[PDB]
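>>> below: the sequence, then the experimentally determined structure.
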Amino acid sequence: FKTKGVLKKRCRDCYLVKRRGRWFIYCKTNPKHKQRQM
Amino acid sequence: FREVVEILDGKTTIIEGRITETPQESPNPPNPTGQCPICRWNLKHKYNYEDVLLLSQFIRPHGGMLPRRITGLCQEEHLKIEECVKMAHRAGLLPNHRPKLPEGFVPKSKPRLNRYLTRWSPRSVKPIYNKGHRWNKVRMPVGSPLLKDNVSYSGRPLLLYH
Amino acid sequence: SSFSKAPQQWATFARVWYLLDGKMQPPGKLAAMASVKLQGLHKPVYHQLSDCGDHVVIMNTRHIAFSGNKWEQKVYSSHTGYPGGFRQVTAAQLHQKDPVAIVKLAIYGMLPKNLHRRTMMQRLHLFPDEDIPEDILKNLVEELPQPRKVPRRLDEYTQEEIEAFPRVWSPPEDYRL
Amino acid sequence: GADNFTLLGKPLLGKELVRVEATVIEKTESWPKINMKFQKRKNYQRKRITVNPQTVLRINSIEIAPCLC
Amino acid sequence: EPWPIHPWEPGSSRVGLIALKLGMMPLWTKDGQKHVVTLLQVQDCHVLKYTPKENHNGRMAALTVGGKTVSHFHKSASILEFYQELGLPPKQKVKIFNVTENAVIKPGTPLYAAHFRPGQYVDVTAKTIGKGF
Amino acid sequence: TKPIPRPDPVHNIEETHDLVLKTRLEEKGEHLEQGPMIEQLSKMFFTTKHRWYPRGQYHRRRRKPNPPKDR
Amino acid sequence: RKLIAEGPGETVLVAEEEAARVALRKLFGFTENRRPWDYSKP
Amino acid sequence: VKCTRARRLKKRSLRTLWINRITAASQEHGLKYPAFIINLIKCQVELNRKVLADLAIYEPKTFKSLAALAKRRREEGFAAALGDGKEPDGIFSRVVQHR
RNA sequence: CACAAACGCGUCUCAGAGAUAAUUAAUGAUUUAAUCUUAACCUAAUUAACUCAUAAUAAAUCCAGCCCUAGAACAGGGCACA
Ligand code: FES
Ligand SMILES: [K+]
Ligand SMILES: [Mg+2]
Ligand SMILES: [Mg+2]
Ligand SMILES: [Mg+2]
Ligand SMILES: [Mg+2]
Ligand SMILES: [Zn+2]
């Protein structure tokens, strides 16, 4: 993951999802796109 | 209402849909010229999470909520109804709208803690270890801001954060 | 009342036992009325110097209903004194260990902070469930009303009520629930 | 009022309805009361003794007339 | 006329003893290693009184065991009177043992060092050597 | 109203030890130490234990022997 | 089945005697609500 | 110095004590203190809090009537607001002016 | 190690259950797809604290004197056969 402030989609396959009270950027093709709102 | 039946009869699978008779809307609404069902019956700003008889007509048999397209509710009211259903389930009401799982009911757990007006979910809130003094106080939310427009007979504003 | 001097004073300053149910009642609203009875703020003969005070018996304290998400957010903290002895316990954890700790602490913080607080806390009787010794039961006088009206679940509504409430909308016949 | 009835005024009862009589007993002076004002590190002290005249009354009888509309 | 004896069950606890520490001896095993053993002697051991489960802890019953015999002339009136009813000489030290309901022993039953079989692991509780201030 | 519970200590108040010897008014007493005595009284009157201890000569002497009485 | 007096007390026996005390005061016309003694000039 | 300051506070403390007694005796009849006072003044009954406390303790029957009077007056005030406002003043709400 | 003891460099012993954070997975609705869910029910893999099972303590009211591996004083354990 990568703890960041603002979430942006690096590729078109990234999908937003709200889990545990925070928004997570989960990506299937590229695991390096995983981002976590602080 | 329509239901799907799947039958296995000797390596042959048959899938068919059957139509079940559906209850209809009541004949005379007080406000026939309304658009959305909530404001058609003068229920605008007059329901809360306690009103099970209202929230039980916009939910699926397994606890889910029907889409806004089918019901016809306005966007402003649909979010309020959605919030109330979430609060109703956490409050312990609506016991017959849970999915049936015979294997999971036997291993009982810690007794359920009674709660109501829970804005968030039980598994997504962290303890407030450092509350703070009065000039910077971390207030525990109660209820939802979407229900701050409800009629107040007392006249005092509802205390959402306490 | 034409009573004699001795029995007249005894009747005026009598002690009265109250019963207060706690089935799905917030501890704060349970403590607000319990605090008044312990101090004697309901007697028109009230005075701090006088020892006026009434016993309060609270039953079903395991079924209290904290409003909102306070079961996981509110924390009760204490220090044992020794270094590294600062313990913070969540509201859910404390109620799981000591059933009557939540109600007792709420009342213990609402009474006046003088030295009479220790004296008037001894008159408070707490029980996790409806298991009260016969001695305490024979002392009761009246039961205080519940401060919060308990809402009823869907299965508790009678069929007459279900038919009485109008059907707001007419779902289409072809939709699958 | 009495045991079985009570009369309210708006805001006073008429003189023809209830008569109250009192008798003066003692016309004395109160005990010496002390009034002192003090301010820190400014050398300001004011001590004065007040003797307030007092009067003691004895209420003898209270009568209610039977005239009531 | 002893109390009835029940068969062993899982999770059951037995009754300990009160013994006297004699000294130490060296002991050797068949692999050549050397071990030091402490000689504990049971002089006079008798169960004194039995406490019901709900009056001691609420989970396990309590069995009382006395120590070695001491003189009557240096004990309290209540202590001497208590032993007179049982019919035993006064004991030095008295300890409380937590025993399950299936291993209760009638008070006054003597106990011997054969209560422990070799190969078992046991605990020891006693006041250590006091070195003062 | 409920009937008067007249014979509640019916046998406790008047108990005959035997029909051959006169009844004995032997009030057995233990005279517990100051420790166990206070905790027995505090539990009896539903109070604390700090007020049952006596006080020093200074506080005892300064109490007014003849307090004013009204009525 | 008509109430004429009522009295408190520490115990039932003491309270019952006080109930008779109140009954006698009402019967003898010597209650605490009685008309105050007249002292006006005859 | 403490004697004079406490003398000033003596009047405040006794006033606070009376309000607690009035509230205690008013809650016994199911009426809060704020409703018991304003709805009694509207009846032109000028009784200070000192004598109301005494009536609460030594006059249980009379204090009930005053509490009954306040509740009746309060229920009349809500009736006028609920109506069009053109309702004639209530039988207990009529104002009598001495002149 | 010139006391009958103290001492290390010598010898002995050292533990079960619950519970979690990030994170991972199942079922599934708002959005009849999908989707670990500040959506519900049930359920799974999972840091350390922490809590507890459990173990220790346990007899009200002989006590002058002497002894003691008990001890500053005060207390405590012995003084029937020794
Ligand atoms: S359109 Fe009126 S409330 Fe929905
Ligand atoms: K989603
Ligand atoms: Mg030593
Ligand atoms: Mg799906
Ligand atoms: Mg423990
Ligand atoms: Mg000794
Ligand atoms: Zn991506």
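The structure has been received and is ready for your questions. Numbering: from 1, shown residues only, chains lettered A, B, ... in the order given. Ligands and ions are numbered 1, 2, ... in the order given.

>>> from here on, just use CA atoms for contacts and neighbour counts.
Noted.

>>> who's in contact with residue 5?
Because you didn't say which chain, this covers chain A. For residue A:5, the contacting residues are A:37-38, by C-alpha atoms under 8 Å, 6 or more residues apart in numbering or on different chains.

>>> hmm, no, I was thinking of chain G.
Per C-alpha under 8 Å, 6+ apart, neighbours of residue G:5: G:19-20, G:22-23.

>>> got the buried residues for the lengthiest helix in chain C?
Ranked by residue count under DSSP state H, the longest helix found in chain C is helix C:27-39. The neighbour-count check on helix C:27-39 (16 or more other C-alpha atoms under 10 Å in any protein chain shown) flags C:27-28, C:30-31, C:33-39 as buried.

>>> tell me the buried residues in stretch H:47-60?
For stretch H:47-60, by 16+ other C-alpha under 10 Å, it's H:49, H:52-57.

>>> ok, now stretch C:98-116?
So for stretch C:98-116, counting by 16+ other C-alpha under 10 Å, buried means C:99-104, C:106-108, C:111, C:116.

>>> how about the helices in chain H?
H:2-27, H:33-41, H:49-58, H:60-82.

>>> next, the angle helix H:49-58 makes with the first one.
To tie it back to what came earlier, the one meant is helix H:2-27. Counting by axes from the mean of the first three to the mean of the last three C-alpha atoms, to 10 degrees, helix H:2-27 lies at 50 degrees to helix H:49-58.

>>> touching chain C at all, helix H:2-27?
Yes: among the residues of helix H:2-27, H:17, H:20-25, H:27 lie within reach of chain C under C-alpha under 8 Å from any C-alpha of the partner chain.

>>> against which helices or strands is that helix packed?
strand D:33-39, helix H:33-41, helix H:49-58 (3 or more C-alpha pairs under 8 Å, 6 or more residues apart in numbering or on different chains; DSSP states H and E).

>>> neighbouring contacts of the last one?
By C-alpha under 8 Å, 6+ apart, the residues outside helix H:49-58 that reach it are C:44-45, H:15, H:18-19, H:21-22, H:25, H:62-63.

>>> do that again at 7 Å, thanks
For helix H:49-58, contacts defined as C-alpha atoms under 7 Å, 6 or more residues apart in numbering or on different chains pick out C:44-45, H:18-19, H:21-22, H:25, H:62-63.

>>> can I get the longest helix of chain C in PDB, CA atoms only?
Extracted in PDB, the C-alpha atoms of helix C:27-39 (Å, rounded to 0.1, in the frame of the first residue of the first chain):
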ATOM      1  CA  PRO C  27     -27.300   4.700  31.800                       C
ATOM      2  CA  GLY C  28     -27.300   8.400  31.600                       C
ATOM      3  CA  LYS C  29     -31.100   8.700  31.700                       C
ATOM      4  CA  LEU C  30     -31.000   6.000  34.400                       C
ATOM      5  CA  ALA C  31     -28.500   7.900  36.500                       C
ATOM      6  CA  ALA C  32     -30.300  11.300  36.200                       C
ATOM      7  CA  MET C  33     -33.400  10.100  38.100                       C
ATOM      8  CA  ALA C  34     -31.400   7.900  40.400                       C
ATOM      9  CA  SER C  35     -29.100  10.800  41.400                       C
ATOM     10  CA  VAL C  36     -32.100  12.900  42.400                       C
ATOM     11  CA  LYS C  37     -33.600  10.200  44.700                       C
ATOM     12  CA  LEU C  38     -30.200   9.500  46.400                       C
ATOM     13  CA  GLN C  39     -29.700  13.100  47.300                       C
END
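
>>> before we move on, back to that, could you dump the contacts of residue G:5 into CSV with distance to residue E:75, neighbour count and secondary structure added?
CSV is the format used below for the contacts of residue G:5 (distance: C-alpha to C-alpha, whole Å; neighbours: other C-alpha atoms under 10 Å in any protein chain shown; DSSP: H, G, I helix; E, B strand; the rest coil):
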residue, distance to residue E:75, neighbour count, secondary structure
G:19, 59, 18, helix
G:20, 61, 15, helix
G:22, 63, 20, helix
G:23, 65, 18, helix
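
>>> widest-spaced pair of those?
Across the contacts of residue G:5, the longest distance by C-alpha to C-alpha is 6.3 Å; it joins G:19 and G:23.

>>> mind listing what residue B:25 touches?
If you count contacts by C-alpha under 7 Å, 6+ apart, then residue B:25 has C:167-170 around it.

>>> ranking those residues by neighbours, who comes first?
Within the contacts of residue B:25, most neighbours by other C-alpha atoms under 10 Å in any protein chain shown means residue C:168, with 22 neighbours.

>>> rewinding a little: out of the contacts of residue B:25, which are inside helices?
Within the contacts of residue B:25, no residue falls in helices by DSSP H.

>>> quick one: stretch B:35-45 near chain C?
Yes: in terms of C-alpha under 7 Å from any C-alpha of the partner chain, part of stretch B:35-45 sits within range of chain C, namely residue B:37.

>>> what sits up against that stretch?
B:29-32, B:34, B:72-74, B:149-151, C:168-169.

>>> could I get these as a markdown table with secondary structure and distance to residue E:51?
Below are these laid out as a markdown table (DSSP: H, G, I helix; E, B strand; the rest coil; distance: C-alpha to C-alpha, whole Å):
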| residue | secondary structure | distance to residue E:51 |
| --- | --- | --- |
| B:29 | coil | 75 |
| B:30 | coil | 75 |
| B:31 | coil | 77 |
| B:32 | coil | 79 |
| B:34 | coil | 78 |
| B:72 | coil | 73 |
| B:73 | coil | 71 |
| B:74 | coil | 72 |
| B:149 | coil | 66 |
| B:150 | coil | 64 |
| B:151 | coil | 65 |
| C:168 | coil | 68 |
| C:169 | coil | 70 |
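
>>> from those, pick the one nearest ligand 7.
residue B:74 (34.5 Å; C-alpha to the ion).

>>> what number of residues lie near the closest one?
Close neighbours of residue B:74, defined as other C-alpha under 10 Å, add up to 15.

>>> so which residues of chain B form strands?
B:2-8, B:13-19, B:115-116 (DSSP state E).

>>> residue of chain B closest to chain A, please.
residue B:124 (4.9 Å; C-alpha to the nearest C-alpha).
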